[PDB]
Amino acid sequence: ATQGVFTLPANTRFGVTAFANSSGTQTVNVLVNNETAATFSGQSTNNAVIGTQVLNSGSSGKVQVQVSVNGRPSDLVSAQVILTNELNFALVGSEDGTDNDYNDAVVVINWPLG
């Protein structure tokens, strides 16, 4: 199944933050309606924050996370969780290698903000 794709409420601000846990340099692209809205890059094996930004889901609401390591797309796992019918998390893990820890880039999207 498709992973890393989330339908947010249209025209809504959201936060996106990425962490790295890999020997490979992670490139995280956050797309809004298939256009790159933020790009984070960095390397860490200690969960360093490699980027954080506030974006808007825009007129379509469509948000996608893509992760690559030196031009090779990583495999993604994802889900959305809603707490108290209000607080939303869209969560992504990714795998660039063979150990299947799925933490090589970890991406957290949260809304609403403010």
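One-based numbering along the sequence shown.
For the pair 43-51 and 77-85, the record assigns the higher mean C-alpha temperature factor to 43-51.
Looking at 67-75 and 30-38 together, the entry lists the larger mean B-factor for 67-75, computed on C-alpha atoms.
In this entry, the residue among 8, 5, 109, 1 with the greatest C-alpha B factor is 1. Residue-level temperature factors show residue 17 in the lowest third of its chain, judged at the C-alpha atom.
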